[PDB]
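> The listed protein sequences correspond, in order, to chains 4, 4', 3, 2, 2', 1 and 1'. A prime marks a further copy of an entry chain.
Residue numbering for the first sequence follows the deposited numbering, starting at 23 and increasing by one per position.
Residue numbering for the second sequence follows the deposited numbering, starting at 23 and increasing by one per position.
Residue numbering for the third sequence follows the deposited numbering, starting at 50 and increasing by one per position.
Residue numbering for the fourth sequence follows the deposited numbering, starting at 5 and increasing by one per position.
Residue numbering for the fifth sequence follows the deposited numbering, starting at 5 and increasing by one per position.
Residue numbering for the sixth sequence follows the deposited numbering, starting at 14 and increasing by one per position.
Residue numbering for the seventh sequence follows the deposited numbering, starting at 14 and increasing by one per position.
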Amino acid sequence: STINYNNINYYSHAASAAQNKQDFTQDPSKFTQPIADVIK
Amino acid sequence: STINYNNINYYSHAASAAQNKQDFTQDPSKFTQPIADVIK
Amino acid sequence: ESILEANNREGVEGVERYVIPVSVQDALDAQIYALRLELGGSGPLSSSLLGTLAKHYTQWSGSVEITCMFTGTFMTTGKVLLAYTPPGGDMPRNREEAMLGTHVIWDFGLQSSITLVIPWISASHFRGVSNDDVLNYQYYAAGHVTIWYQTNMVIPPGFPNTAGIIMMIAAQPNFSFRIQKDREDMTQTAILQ
Amino acid sequence: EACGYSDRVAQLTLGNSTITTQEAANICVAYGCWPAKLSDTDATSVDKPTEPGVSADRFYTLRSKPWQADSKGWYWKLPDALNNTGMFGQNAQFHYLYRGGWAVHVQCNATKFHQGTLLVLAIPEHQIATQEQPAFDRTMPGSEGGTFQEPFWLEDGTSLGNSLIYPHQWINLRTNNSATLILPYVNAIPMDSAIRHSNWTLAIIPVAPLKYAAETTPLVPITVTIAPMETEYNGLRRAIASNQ
Amino acid sequence: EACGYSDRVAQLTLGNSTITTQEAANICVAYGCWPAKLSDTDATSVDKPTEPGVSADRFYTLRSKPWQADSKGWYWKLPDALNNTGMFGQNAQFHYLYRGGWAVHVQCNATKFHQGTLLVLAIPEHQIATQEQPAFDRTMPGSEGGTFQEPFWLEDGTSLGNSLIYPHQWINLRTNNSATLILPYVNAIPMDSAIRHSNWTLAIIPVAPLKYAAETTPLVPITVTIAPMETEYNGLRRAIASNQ
Amino acid sequence: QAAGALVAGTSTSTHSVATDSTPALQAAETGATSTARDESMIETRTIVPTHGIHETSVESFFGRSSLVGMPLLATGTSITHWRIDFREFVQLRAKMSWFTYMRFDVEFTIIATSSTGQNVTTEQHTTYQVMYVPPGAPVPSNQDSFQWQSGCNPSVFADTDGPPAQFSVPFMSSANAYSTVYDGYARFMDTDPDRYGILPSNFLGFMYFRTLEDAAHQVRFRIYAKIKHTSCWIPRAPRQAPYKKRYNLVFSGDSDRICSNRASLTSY
Amino acid sequence: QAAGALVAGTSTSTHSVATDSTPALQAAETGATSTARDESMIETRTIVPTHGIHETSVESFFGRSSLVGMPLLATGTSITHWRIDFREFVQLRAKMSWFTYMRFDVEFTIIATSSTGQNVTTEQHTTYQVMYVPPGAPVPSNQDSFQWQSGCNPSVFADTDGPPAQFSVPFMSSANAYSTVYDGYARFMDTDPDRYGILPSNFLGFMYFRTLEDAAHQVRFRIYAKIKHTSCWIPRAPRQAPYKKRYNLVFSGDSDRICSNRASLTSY
Ligand SMILES: CCCCCCCCCCCCCC(=O)O
Ligand SMILES: CCCCCCCCCCCCCC(=O)O
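Here you go:
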């Protein structure tokens, strides 16, 4: 539960590389709490 | 009589790797001496 | 949160399918709604945001949240009981049986809505989203959610005797999906042009 | 210097049950005591007790009663009313002794077009009596509860007017939607049999009758939700459900 | 370098029950694991669990069975056999999930004039099968237990001889009066339904038949006493007693 | 690059008896989603986060090949082509329906198969040429045509019976991201329905195919596309009605319902 | 990673004449295995440990490919499938019978072979597609079916006459380990014998096969599975009776014996 892959691209262009294995943390608040005066 | 292998996995996922060549030492006592008051 | 197509009674056509009806009762301890907790095909849950997202995955885990908003006039009052019944048997027959499970008592007032949290109560860690009869996936049954009148919807003289509840549903922070699969409702009989 | 604002909204959560209310009248804690478990010095029964926790320490809702024009009042004996419901009932049956407190939430909603006033009382040792000594069906009516025949005398030869000396709240429709009482255990001994002795009696009596801005009026019910608190049981054996 | 002296006497006390024995063969703790509660890291069900303690964590004795000359063997599924007895049964019914260990004490006394040998086994996930797939009355026989039809194959197509790989003790009359096994919870998931899955099967099989110094022989029974250990329950609702 | 982000956990809770703090009570009118957490609604135990969220990441969701084109080369002409869209097949199209804007690279894999007139597999070995024909370049008219010299247009040559052909493509739009949807017209001073919802910036051209020698048997090209290095913006209500046409969103909509119907709302 | 663990050795012993220490005497009633070692029973010499134990390790025991499926694709339909179990063939099934719970990864290798009606080998070159169809995904009905787009379902394409196809799979169960055996029912409020001993958590779905063009000749798929990264718990008495059915443990059990019989116990 934390799959760390090998970058390594044998080609010149970035497009040639495989899929990004990195996990960016999500921020649902743009969609869940789009209110101005945030209350909890 | 001590076969030491090369880890090396060319893939991203752990499942992709070959079989574990490591030998864990066995402990038969869970099955051979499951008695509480151990006598010898 | 997305709105549940909860009023799926035979004969109800769109938009009205989004509003569960509540009305002044002449009977005590009456029932308002029943829903089998499934992220798997056909049911009201399946057409929602969470539900069509589940059409793409094969396993799930986590807590779900249901927020209901009352649509009656400002003068109309009421108290309802929302209950989640863990699996093992069938849907609660009466309110006395339903209240024995996980529940919330909602009081209509200035706060239009209430939230019923359906906690992750499973033996597994993960459940399958399908109810596939061939593989016996009803093994992964998750229970039932029922709604009852706690008091009654009472109105002033001449007011509308029927109002509604709009149910919304969303996944909670401990929710995750596993194994991508294809949607069964997105078909093609020929190449598009 | 002020008496109503944020005290109107409330949420109580016990076990897997939560209650909310948007028109409360604060919370009444009987005699200022919060339910508590039996002390090592006050105790007497030597066996290690059973403390069920969440399985029993939660809210149970009884069948609703309709508030009618000729309604005199209703009452429920505790633990009697709950002795046969859920995990609380099971523990009360299987043990010879029981001790516990209560969280009571009486609810009755109407409209700003109604008027009526209910007195909600928690009476300790409410030994009843009318022109004759009561029968089992009156003294221990179970979950269905009983009804006052002589509410003016409080079914005990005393008085409804002086009953305010007992823990209470009022459900006055122009003001509130419900009442909430927290009751500690009361008895002259450490523990007692749940099937032979009723410690508290929950009483609901209409003092100002229900009137409306029309002659009809929709069904206006009264619902009682109760939660056992800080319970402990001793003297485990087979289950025995009533004193009959 | 020695194998029998003070290991012959034993006393086990759980809750309000204590068992004694003057001819034991030590105590067997399955896989060397003592029953234990579910870890915060291993857990998955979010609700706070019910931990009954003394009310359920105690010894229950089932109806005795007579050891006859044609007796093939007996078995009980756990928690099945206890799902409807006492406070343990109540908790198992009222909850969707259960987890727990066991303390098993099988007893069979005879005389120094008898000879016979019983194999007492605790089989994990004992999925049975004969010439045909078993019916509910065979897979979940309740407190009365079941009987082996094909004991040589251990009712599963394996073998009685290789069954010693499972936690076990022998009740060899010339040596002992009884057997005691302590079993930890075993499953491939954290918790499970008590009414749909049997984790352990207690099996008692005569390997050397009962013989006596006469042809008659008094009634020689076999009694099973079992105690739930380190139990916890989740998913509270109404009581549901069987998977039917 | 590591994919170890976890789902949230659960911490222990106790009984609440508060005349102020009421998380169960919401107000959905604000457009905000409920604020209530498990812990504030029931007495909860502690659960340590053990579940991962990588399979729902935008990259993992789109990062697998899907059929997007399937041109058929006839024996008489020995040449076909394919307009580059992802609108011909429903599965991928519906996956993209979740977002308004998407920026990504593509990995194409092409599998060639020969068949008979009765569409049964046959053995056939030739070399085929796939040529990228961008807007403005002259189109080939025959298997013979001079346009196949490929002086500037890029081309890929592979065997009919050899491993699949494969290559990557950068993010090509003149725009800053592709649009799955467009509420506007393709041209100025034009208001034709056929030009509404058509965003030319998404059309990079055609892929032309031919065999290096006149074809003996049919030959069908299956074109697979893998979206990778994905960036998505503005989530949408996904597509529920079936797709009828390739260049617009019209649907049949006979019965106005999506989920199944039942006799009563009070019974299953 | 090194596999150098050794078997135990033998040290020298001498004569014993003790009225207290008696290791030869046991008491099997305790459920404990004998405590006696070679040295305490006979005068022994010294032997230095020279033998390894790696070939009996759980990993080495299961770590080799075995036949687990063998679907046959007919020429009329040009499509078959395989329910993913390891219960169809006896050799692997019996190896797993030694344990109650097993957690592991799998390596599948698929070999395709074409034949004639009389089952003789023929030459046939096409590309086949293997698609993973998880529970809930729509199943393909024809070689033509739209489900083969594989928008979300993963697929593997390889040649009939090319090297074997091969890939790995993680530990997929919803459970924490697979169960080789299950003393319970598949559903609630159901007590049917067909649902006893069936643990749905072990069934991850089907593998569907098709040729990319209607098949000219038969085509049989041999699916091999290699269990790797193995963890085993709770050893069992292994299976002695033959397997009759795929989903239960019924056996024939005519003669109640396993080993061979002899005339006398006192002679061979
Ligand atoms: C061999 C020449 C390759 C050029 C390929 C450009 C591919 C871009 C695909 C963009 C799809 C836009 C979405 C849509 O179809 O509406
Ligand atoms: C191409 C999709 C691959 C998915 C494969 C999952 C394989 C898991 C095998 C588990 C076998 C369980 C044991 C049994 O057969 O009873």
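Note that CB positions come from ideal geometry on N, CA and C, so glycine has one too.
Let me know the beta strand (DSSP E) ranges lying completely inside the stretch 138-186 of chain 3, each 3 residues or longer, listed in chain order.
If you keep only unbroken beta strand (DSSP E) runs of at least 3 residues inside the stretch 138-186 of chain 3, you get 151-156 and 162-167.
> Pull the bridge partners of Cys32 (chain 2') from the DSSP assignment, please.
Counting from one through the fifth sequence, the residue named residue 32 (chain 2') turns up at place 28. Paired residues: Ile57 (chain 4') and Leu185 (chain 2').
> State yes or no: is the C-beta of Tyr141 (chain 1') nearer than 6 Å to some heavy atom of ligand 2?
One-based indexing of the seventh sequence puts residue 141 (chain 1') at position 128. Answer for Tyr141 (chain 1'): no, Cβ out of range of ligand 2.
> Evaluate the contact criterion for the stretch 202-215 of chain 2' versus the stretch 126-146 of chain 2': three or more CB pairs, one atom per stretch, below 8 Å.
Contact between the stretch 202-215 of chain 2' and the stretch 126-146 of chain 2' is present: three or more C-beta pairs spanning the two stretches fall below 8 Å.
> Using a C-beta to C-beta distance shorter than 7 Å, which residues of chain 1 count as neighbours of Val50 (chain 2')?
For the purposes of this step, residue 50 (chain 2') is identified with residue 46 of the fifth sequence, where counting begins at 1. Correct list: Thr23, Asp51, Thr57, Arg58 and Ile60.
> Output, in sequence order along the chain, the residues in the stretch 165-198 of chain 3 whose CB is closer than 7 Å to any CB in chain 1.
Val166 and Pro168
> Does the beta-carbon of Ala28 (chain 2') have 16 or more other beta-carbons within 10 angstroms, so that it is buried, or is it exposed?
Along the fifth sequence, read from residue 1 onward, the residue named residue 28 (chain 2') stands at position 24. Under this definition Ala28 (chain 2') is a buried residue.
> So, are the CB atoms of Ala60 (chain 2) and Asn95 (chain 2) less than 7 Å apart?
Looking up residue 60 (chain 2) in the fourth sequence gives position 56. Looking up residue 95 (chain 2) in the fourth sequence gives position 91. Cβ distance < 7 Å, so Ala60 (chain 2) and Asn95 (chain 2) count as in contact.
> Could you tell me the boundaries of the beta strand (DSSP E) in which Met202 (chain 1') lies?
By one-based count along the seventh sequence, residue 202 (chain 1') stands at place 189. It is not in any beta strand (DSSP E) - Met202 (chain 1') carries neither H nor E in the DSSP assignment.
> For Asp78 (chain 3) and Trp155 (chain 3), which I take to be in contact (beta-carbon distance under 8 Å), what is that distance rounded to the nearest angstrom?
To locate residue 78 (chain 3), count along the third sequence from 1; it is residue 29. To locate residue 155 (chain 3), count along the third sequence from 1; it is residue 106. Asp78 (chain 3) to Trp155 (chain 3), Cβ: 16 Å. No contact.
> Hey, quick one: how far does the beta strand (DSSP E) through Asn95 (chain 2') stretch, first residue to last?
Against the fifth sequence, residue 95 (chain 2') aligns to sequence position 91. From DSSP, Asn95 (chain 2') is part of no beta strand (DSSP E) but of the alpha helix (DSSP H) over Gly90 to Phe98.
> With a threshold of 7 Å between beta-carbons, can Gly150 (chain 3) be considered close to chain 2', or not?
Stepping through the third sequence from its first residue, residue 150 (chain 3) is reached at position 101. Yes - at least one Cβ of chain 2' is within 7 Å of the one on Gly150 (chain 3).
> Report the neighbours of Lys52 (chain 4') on chain 2': residues whose CB is nearer than 7 Å to its CB, in chain order.
Walking along the second sequence from the start, residue 52 (chain 4') turns up at place 30. Within 7 Å Cβ-Cβ: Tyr35 and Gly36.
> I'd like to confirm the pairing. Which residues does DSSP put opposite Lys81 (chain 2') in its beta bridges?
Along the fifth sequence, read from residue 1 onward, the residue named residue 81 (chain 2') stands at position 77. According to DSSP, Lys81 (chain 2') bridges with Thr205 (chain 2').
> Which parts of the stretch 205-237 of chain 2' are runs of the alpha helix (DSSP H), unbroken and 4 residues or longer, counting only runs that do not cross its ends?
For secondary structure counted as the alpha helix (DSSP H) over 4 or more consecutive residues, the stretch 205-237 of chain 2' holds no complete run.
> Let me check understanding here. Comparing Cα to Cα, which of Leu86 (chain 3), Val73 (chain 3), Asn57 (chain 3) and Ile170 (chain 3) lies closest to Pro222 (chain 2)?
Start at 1 with the first residue of the fourth sequence, and residue 222 (chain 2) comes out as number 218. Ranking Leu86 (chain 3), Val73 (chain 3), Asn57 (chain 3) and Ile170 (chain 3) by Cα distance to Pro222 (chain 2) puts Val73 (chain 3) first.
> Looking at residue 249 (chain 2): is its Cβ nearer than 7 Å to the Cβ of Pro232 (chain 2)?
Here chain 2 has residues from 5 to 248 only, and residue 249 (chain 2) is not among them.
> Within the 7 Å Cβ cut-off, does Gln162 (chain 1') reach chain 1?
As a working mapping, residue 162 (chain 1') is identified with position 149 in the seventh sequence. With 7 Å as the cut-off, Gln162 (chain 1') counts as an interface residue toward chain 1.
> Mind pulling the chain 4' residues with CB within less than 8 Å of residue 114 (chain 4)?
As displayed, chain 4 neither begins before 23 nor continues past 62, which places residue 114 (chain 4) out of reach and without an answer.
> Is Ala14 (chain 2') helix, strand or coil by DSSP?
By 1-based counting over the fifth sequence, the position of residue 14 (chain 2') is 10. DSSP places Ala14 (chain 2') in strand when its eight states are reduced to three.
> Rounded to a whole number of angstroms, what is the C-alpha to C-alpha distance between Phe201 (chain 1) and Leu130 (chain 3)?
Indexing the sixth sequence from 1 puts residue 201 (chain 1) at position 188. Indexing the third sequence from 1 puts residue 130 (chain 3) at position 81. Rounded to the nearest angstrom, the two C-alpha atoms are 58 Å apart.
> Grab me the residues of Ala14 (chain 2)'s own chain with a C-beta within less than 6 Å of its C-beta, minus the 5 sequence neighbours each way, in chain order.
By one-based count along the fourth sequence, residue 14 (chain 2) stands at place 10. Only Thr25 and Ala28 meet the Cβ criterion.
> Let's see if you can read the secondary structure: which residues bound the alpha helix (DSSP H) around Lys108 (chain 1')?
Your numbering for residue 108 (chain 1') matches position 95 in the seventh sequence. Per DSSP, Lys108 (chain 1') belongs to the alpha helix (DSSP H) from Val103 to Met109.
> Mind listing, in chain order, the continuous beta strand (DSSP E) runs of no fewer than 3 residues lying wholly within the stretch 86-144 of chain 1?
Runs found: 92-96 and 112-126.
> Taking residue 253 (chain 2') and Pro171 (chain 2') to be in contact with their CB atoms under 8 Å, please state how far apart those CB atoms are, rounded to whole angstroms.
The structure shown does not extend to residue 253 (chain 2'), since chain 2' is modelled only from 5 through 248, so no value can be given for it.
> So, at 6 Å on beta carbons, what are the nonlocal neighbours of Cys112 (chain 2') in its own chain, with the 5 sequence-adjacent residues on each side left out?
Reading the fifth sequence from its first residue, position 108 is the one you call residue 112 (chain 2'). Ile175 and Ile226, listed in sequence order.
> Quick check: is the beta carbon of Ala37 (chain 4') nearer than 7 Å to any beta carbon in chain 1'?
Residue 37 (chain 4') sits at position 15 when you count from the first residue of the second sequence. Cβ-Cβ to chain 1' under 7 Å: yes for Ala37 (chain 4').
> Is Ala41 (chain 1') helix, strand or coil by DSSP?
Residue numbering aside, residue 41 (chain 1') sits at position 28 when the seventh sequence is read from its first letter. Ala41 (chain 1') falls in the helix class under three-state DSSP.
> What are the start and end residues of the alpha helix (DSSP H) that includes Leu98 (chain 3)?
Position 49 of the third sequence, counting from 1, holds the residue named residue 98 (chain 3). That run of the alpha helix (DSSP H) goes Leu98 to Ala103.
> Is the CB of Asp49 (chain 4') under 7 Å away from at least one CB in chain 1'?
If you number the second sequence from 1, residue 49 (chain 4') lands on position 27. Closer than 7 Å: no.
> By the DSSP assignment, the beta strand (DSSP E) with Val194 (chain 3) in it spans what residues?
Translated into positions along the third sequence, residue 194 (chain 3) becomes position 145. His193 to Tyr198 is the span of the beta strand (DSSP E), which, as asked, contains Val194 (chain 3).
> Considering only the beta carbon of each residue, do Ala250 (chain 1') and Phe264 (chain 1') sit closer than 7 Å?
Within the seventh sequence, residue 250 (chain 1') is the residue found at index 237, counting from 1. Within the seventh sequence, residue 264 (chain 1') is the residue found at index 251, counting from 1. No, they are not a contact pair.
> Does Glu50 (chain 3) come out as helix, strand or coil in the three-state DSSP assignment?
Here residue 50 (chain 3) is taken as the residue at index 1 of the third sequence, counted from 1. The answer is coil: DSSP assigns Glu50 (chain 3) none of H, G, I, E or B.
> Looking at chain 4', is there any beta carbon in it that lies within less than 7 Å of the beta carbon of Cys112 (chain 2')?
Position 108 of the fifth sequence, counting from 1, holds the residue named residue 112 (chain 2'). Judged by the 7 Å Cβ criterion, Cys112 (chain 2') is not in contact with chain 4'.
> Determine, using beta-carbon pairs with one atom in the stretch 237-252 of chain 1 and one in the stretch 139-155 of chain 1, whether at least three such pairs fall under 8 Å.
no
> For the stretch 188-195 of chain 3 against the stretch 78-90 of chain 3, do three or more pairs of beta-carbon atoms, one drawn from each stretch, fall closer than 8 Å, so that the two count as touching?
yes
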